[PDB]
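what's the 3D shape of this:
(9 chains, ligands or ions: 14)
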Amino acid sequence: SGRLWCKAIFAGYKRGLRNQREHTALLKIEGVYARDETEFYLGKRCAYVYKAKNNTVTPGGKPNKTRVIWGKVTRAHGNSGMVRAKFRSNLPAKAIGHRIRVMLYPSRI
Amino acid sequence: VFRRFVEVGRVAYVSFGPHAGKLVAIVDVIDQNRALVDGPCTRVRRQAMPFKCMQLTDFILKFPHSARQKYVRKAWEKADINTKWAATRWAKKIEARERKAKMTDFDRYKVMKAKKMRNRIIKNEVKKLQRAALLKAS
Amino acid sequence: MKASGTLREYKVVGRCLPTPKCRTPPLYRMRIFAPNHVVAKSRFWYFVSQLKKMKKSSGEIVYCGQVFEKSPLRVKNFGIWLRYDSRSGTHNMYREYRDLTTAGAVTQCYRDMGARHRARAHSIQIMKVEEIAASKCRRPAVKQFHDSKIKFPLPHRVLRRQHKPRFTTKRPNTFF
Amino acid sequence: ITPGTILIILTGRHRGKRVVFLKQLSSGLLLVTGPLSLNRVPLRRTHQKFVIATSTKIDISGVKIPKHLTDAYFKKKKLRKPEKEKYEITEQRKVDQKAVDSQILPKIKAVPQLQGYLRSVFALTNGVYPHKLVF
Amino acid sequence: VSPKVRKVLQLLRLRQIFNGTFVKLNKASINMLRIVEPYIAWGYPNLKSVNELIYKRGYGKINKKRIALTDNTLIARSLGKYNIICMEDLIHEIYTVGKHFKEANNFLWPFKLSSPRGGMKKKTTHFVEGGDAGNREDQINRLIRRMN
Amino acid sequence: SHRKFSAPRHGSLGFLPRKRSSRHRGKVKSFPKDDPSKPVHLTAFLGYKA
Amino acid sequence: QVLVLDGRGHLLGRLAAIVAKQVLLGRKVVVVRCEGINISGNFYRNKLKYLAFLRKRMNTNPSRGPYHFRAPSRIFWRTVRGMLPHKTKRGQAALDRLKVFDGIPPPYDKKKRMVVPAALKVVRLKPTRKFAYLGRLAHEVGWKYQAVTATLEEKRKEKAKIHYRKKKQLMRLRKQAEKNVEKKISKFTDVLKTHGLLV
RNA sequence: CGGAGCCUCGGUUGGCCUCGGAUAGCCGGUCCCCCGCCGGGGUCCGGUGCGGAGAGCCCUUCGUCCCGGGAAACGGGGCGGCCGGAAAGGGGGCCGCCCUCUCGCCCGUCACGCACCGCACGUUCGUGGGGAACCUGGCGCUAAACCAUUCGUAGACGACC
RNA sequence: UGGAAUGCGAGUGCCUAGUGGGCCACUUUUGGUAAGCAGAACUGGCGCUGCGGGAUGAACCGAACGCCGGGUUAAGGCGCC
Ligand SMILES: [Mg+2]
Ligand SMILES: [Mg+2]
Ligand SMILES: [Mg+2]
Ligand SMILES: [Mg+2]
Ligand SMILES: [Mg+2]
Ligand SMILES: [Mg+2]
Ligand SMILES: [Mg+2]
Ligand SMILES: [Mg+2]
Ligand SMILES: [Mg+2]
Ligand SMILES: [Mg+2]
Ligand SMILES: [Mg+2]
Ligand SMILES: [Mg+2]
Ligand SMILES: [Mg+2]
Ligand SMILES: [Mg+2]
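Numbering: from 1, shown residues only, chains lettered A, B, ... in the order given. Ligands and ions are numbered 1, 2, ... in the order given. Next up is the structure itself:
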């Protein structure tokens, strides 16, 4: 057993300087520091995993305090390897600067 | 202090650009920033190339400045710069860099096993040497 | 005119439109250095208009075509005669450059005239471009490269890959 | 993904294990075997979108896969709950596992250290980035 | 927009940004384009540009409505009296400027083109100055590829 | 406008705040700088105002 | 977990911009030897820049700010704060992820220090240009612990040298050990060479 | 100092235990020669697009069983002591011990484990931080502060002596 | 052979509110030393108008607005904010 996701940071939302589009998040992925290396990650699942006070169900498991918002990498962003991600619900702004899992599926390799 | 010089015949390793990883010979110096280089035996057309994308090697060919390609190719073969380059530690380090880059997942597993046993054998030997060093002082 | 990218050399031939008085007007030819042919044609009309009672309406372009460098693998010295408008007058200049192509030497002139005299390309008129033998070149910057045994090192090489890695354990070396 | 390729399962209880690809079923799901003795993955279906196909391939061209290992063979069988009902490994499945394992397993052991490779479980570690490495 | 430019842009049917039309050139029309010079990019299209402009973005003005040209019967019912019965006849009447260029061309609704992918240089100055306005001749085709 | 005739300001701004001392016993803010060459000695003492 | 940077030979404003962007991405950062930092431009014109900063003060109550910290670490700390949205909860959390030090106190003195080549003076300045030292700058605008920080730094480097000679000796034995067991590890060495891990 | 759980708060999903530094220069060996309280300088030998490389290194985990071949034997695990650390101090190493196993590592043989029938929050840091309690044994501790009263070195009242 | 091009459906009649302090910019321009001054022409604006950019701003630059998803742009930008 071991890790099976890549470490990404929730850098922020899509925005100009005075307008913020919260339906799209900008992810900084560890080791991806150019636009030419982001190709592997496009379309990959993304999981914002967090914990809450109340228990919740678990697929193939018993209830616990872990919750997740799913998403996926939709496209690259800029020249330094950021990717745009969309989630089934907009990420809460308390999640800026925290971990966003990037899975290794759907696999194209 | 300096040892390697930009001069007619100096063989330079191209580090980045369209011809990265290849050897060229400085055929002429255009100005402060560019040189006319040639790669007859390494697949580089005679062209202008900035010094920034060059790293000087220790090899110097002997041909006149601006001598046409027939003679840059001729001097390259006489000196066998191709086998001399692959004999340098510099070439081997480049080779070691890409052998590692192409390691398949199974290969990585086999290195992790081999490294595991090699490291233990060396460590156990290092321990014995240290103990013997204790007796000599004592 | 904008000196965008590397300029090209164009051969532009034009004439007055034929009329009953002069059914066969003479053909005028100019050397035009421009980004693209559309700009090349426009500049042609800007120059012949200065030298002849001619403009686009009363004349036509007979031929526009790039002039390829004849010895692109040879190193040459180019003398450029140009006039340009400064903030307080017009001045004729003569400048020298080393290149492989004549158009490359003219492009060096536009960057150079912009750098040293804050001259925008709309105020520069290249009058003449001549390849010059090493013995006739005047500018010491060009002449110092006329040394069959030229040799020089590359001191204090500055690390240009400064963000790969962005954080490193070892300080860069500048001596090679 | 060609027959004999070593795949990496990315999902399910078997995530991370390295299996041997046999064939693509008519429904398009992949048929793989652990083998059971090396990593405890039986003849099992899996989606190609959830496997990383490595460059490690074994030659199983001479392996005879039973014609009856089809999609309906692996389809889950409903279990009623009125307490709980548990899954029982049918005796046929065990016989089937040996038929395929007894051929592929000796072919695994022809490649040195391959069996140890298929015993180990894939994982990401410090400084290891998928976009950089070759599988 | 100044009153004289605003009228000329309406006669060309370019009432919106990145709208496109074909214009057959002559002393009358070339001088109109000079008036609206700062407001238009124009040039000479090639056979491929006429093709792709009319196939991807070709809409007919049928009974004063914008109907996509999804069938040949659409062209034949309106321009059939001029022997124009298919998209290929329409492309030939446009590209070669036939005797019925006017009818076939007014039938085509002004092409609604997207923003130029890859950006512009400078929409506020002429093409020959390094901008985008005015006549760029055959270079219009490069623009059409990125906007169509 | 400027004040007509000049005059030095009243009081020193160097003794602010003009508040009640937080300590009753005088505190030695700075002891004399130690000179190692000198023999060991004390540098302060407490007396009462008779 | 933590990113420990060494302040010697870095240009003040360039390190802060990089350090500011790291803490805004949620990364803890420690910068040591903030007195070793450099600023481009001769020393006198850098001194003048700070002395002008010292003149800024609320005319009616100087105790209300600005606060003119004299320690090199706090100067650098205030410079990183200048590049953050420090009046929002988000930027204050980022500012808590930064620790700045004069000298190298424990536990970072026994840990490896990274450098930022994009802020290094050797990389970013022309060799002829003049530059200042944040330490001398700090010492001459009221900083009071230049000598003690250097005196303690002298002790640290002395110990580090002892540790290093211990490390060089362990390397000599490693090379000698590899020769002794060269026979037993030949097969394992080949695997490493075949895949580039040994050259 | 040494058992179960109950809440609550979270983020995290291997570790790098360190020369000083130069950058028109470096690094490592060599101490045969010169100085010092093993360290420094010289000579010489090697590297220098840093390979004694952070482009790096270390650790690497499916578990068990059976018998082999390499590796170890100066070995792994585990109760008592002496140096050692102060800028914001070390669950490192060293010596004993009575114990404790020849398995830990590498390549093979041998087969087995819920093989849960394609599917998510999996995998650590985790005896995490904080709050209540319930137990359960060992060794210990039995104070101040504020009010009130008094003083006047103090004082609008608080405060202060 | 509806006699240039281009574009567009036109014509016509009653009843009619608010307004009748304006102000600004390119260019032209009168008075004045000049003025964020007073007075004109043309066009376009603000007024009545949000929106991206010019840190900030009636007018500048871009572009004008039904409630949305995707893509691409303008003017402007890309050390960190
Ligand atoms: Mg794009
Ligand atoms: Mg304008
Ligand atoms: Mg006075
Ligand atoms: Mg003070
Ligand atoms: Mg967790
Ligand atoms: Mg009124
Ligand atoms: Mg006025
Ligand atoms: Mg007025
Ligand atoms: Mg009003
Ligand atoms: Mg209006
Ligand atoms: Mg508006
Ligand atoms: Mg402004
Ligand atoms: Mg949109
Ligand atoms: Mg900005």
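
so residue A:23 touches residue A:85, yeah?
No. Using CB atoms under 8 Å, residue A:23 is not in contact with residue A:85, being 10.4 Å away. From N, CA and C alone the C-beta is placed, and that goes for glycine too.

So for the two, which residue has more residues nearby?
residue A:85 (27 against 11; other CB atoms under 10 Å in any protein chain shown).

Now the more buried one. Its backbone dihedrals?
Torsion angles at residue A:85 (phi, psi; degrees, to the nearest 10) stand at phi -130, psi 150.

Which strand residues bridge it?
Under DSSP bridges, the beta-bridge partners of residue A:85 are residue A:25, residue A:73.

Identify the residues contacting it.
A:24, A:25, A:26, A:27, A:46, A:71, A:72, A:73, A:74, A:100 (CB atoms under 8 Å, 6 or more residues apart in numbering or on different chains).

now the last one: how far from chain B?
Read it as residue A:100. Distance from residue A:100 to chain B, counting by CB to the nearest CB, to the nearest Å: 25 Å.

Could you check how far the closest residue to that residue other than its chain neighbours is from residue G:189?
Computed as CB to CB, 6 or more residues apart in numbering or on different chains, the closest residue to residue A:100 that is not its neighbour in sequence is residue A:8, at 4.4 Å. Remark: distance between residue A:8 and residue G:189 (CB to CB, to the nearest Å) = 38 Å.

Which of those two has more residues huddled nearby?
Higher neighbour count among residue A:8 and residue G:189: residue A:8, with 26 against 16, using other CB under 10 Å.

Wait, the more buried one touches residue A:95, no?
No. The pair residue A:8 / residue A:95 is not scored as a contact, 11.5 Å apart, by CB under 8 Å.

Over to the residue nearest the centre of chain C. Which of the three states is it?
The centre of chain C sits closest to residue C:106, judged by CA atoms, centre = their mean, with a distance of 1.3 Å. With DSSP: H, G, I helix; E, B strand; the rest coil as the basis, residue C:106 sits in helix.

what about the nearest residue to it once chain neighbours are set aside, helix or strand, and which?
Excluding the flanking residues, the one nearest residue C:106 by CB to CB, 6+ apart is residue C:33, at 4.5 Å. Per DSSP states H and E, residue C:33 falls inside strand C:28-34.

Paired strands for that strand, with orientation please.
Here strand C:28-34 has these sheet partners by DSSP bridges: strand C:8-16 (antiparallel).

Dump the strand it pairs with to CSV, keeping only the CA atoms.
Taking Å, rounded to 0.1, in the frame of the first residue of the first chain, the C-alpha atoms of strand C:8-16 are listed here in CSV:
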residue,chain,number,x,y,z
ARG,C,8,13.3,40.8,-45.5
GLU,C,9,14.8,42.4,-48.7
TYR,C,10,12.3,43.0,-51.5
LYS,C,11,12.8,44.0,-55.1
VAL,C,12,10.0,46.4,-56.0
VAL,C,13,9.6,47.6,-59.6
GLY,C,14,7.0,50.2,-60.5
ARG,C,15,6.1,52.8,-63.0
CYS,C,16,3.7,55.6,-64.0
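
buried residues in it?
By neighbour count with 16 or more other CB atoms under 10 Å in any protein chain shown, strand C:8-16 contains the buried residues C:8, C:9, C:10, C:12, C:14, C:15, C:16.

Now the phi/psi pair for the closest residue to the third one other than its chain neighbours, please.
In space, and not counting its chain neighbours, residue C:10 is closest to residue C:40: 3.9 Å by CB to CB, 6+ apart. Dihedral angles phi and psi of residue C:40 (degrees, to the nearest 10) take the values phi -60, psi -40.

Now find how far off-centre stretch C:142-161 is within its chain.
24 Å (CA atoms, centre = their mean, to the nearest Å).

Residue G:20 in helix, strand or coil?
Residue G:20 falls in the helix class when you classify it by three-state DSSP.

can you tell me how far it sits from chain C?
Applying CB to the nearest CB to residue G:20 and chain C gives a distance of 14 Å.

if you go through chain D in chain order, where are the strands?
Under the criterion DSSP state E, chain D carries strands at the ranges D:5-9, D:18-24, D:30-33, D:44-46, D:51-57.

oh, I was asking about chain A
A:5-15, A:20-29, A:45-58, A:61-77, A:82-87, A:99-103.

any bit of the second one sitting next to RNA strand H?
No. Between strand A:20-29 and RNA strand H, judged by CB under 7 Å from any atom of the strand, nothing touches; the nearest distance is 12.1 Å.

Go ahead and name everything in contact with that strand.
A:6-15, A:38, A:41, A:46, A:71, A:73-74, A:77, A:81-87, A:90-91, A:100, A:102, G:25.

please redo it, this time with the cut-off set to 7 Å
A:6, A:8-15, A:41, A:46, A:77, A:81-87, A:90-91, A:100, A:102, G:25 (CB atoms under 7 Å, 6 or more residues apart in numbering or on different chains).

Pull up the residues of chain G that are close to chain B.
G:173-174, G:176-178, G:180-181, G:184-185, G:188-189, G:191-192, G:195-197, G:199 (CB under 7 Å from any CB of the partner chain).

Can you go through those residues and name the buried ones?
Among these, those buried by neighbour count (16+ other CB under 10 Å) are G:173, G:177, G:178, G:181, G:185, G:188, G:189, G:191, G:192, G:195, G:196, G:197.

nearest residue to the second one other than its sequence neighbours?
Closest residue in space to residue G:177, ignoring its immediate chain neighbours: residue B:125 at 4.0 Å, by CB to CB, 6+ apart.

Looks to me like that neighbour is in a helix.
Yes. Under three-state DSSP, residue B:125 falls within a helix.

Wait, it touches residue G:175, no?
No. Applying CB atoms under 7 Å, one finds residue B:125 not in contact with residue G:175, separated by 11.2 Å.

before we move on, back to that, who's the residue nearest to residue C:106 bridged to?
Going by DSSP bridges, residue C:33 is paired in beta bridges with residue C:9.

ok, now which ones touch it?
C:7, C:9, C:103, C:106, C:126 are the contacts of residue C:33 under CB under 7 Å, 6+ apart.

cool, and residue G:47?
Contacts of residue G:47 by CB under 7 Å, 6+ apart are G:137, G:140.
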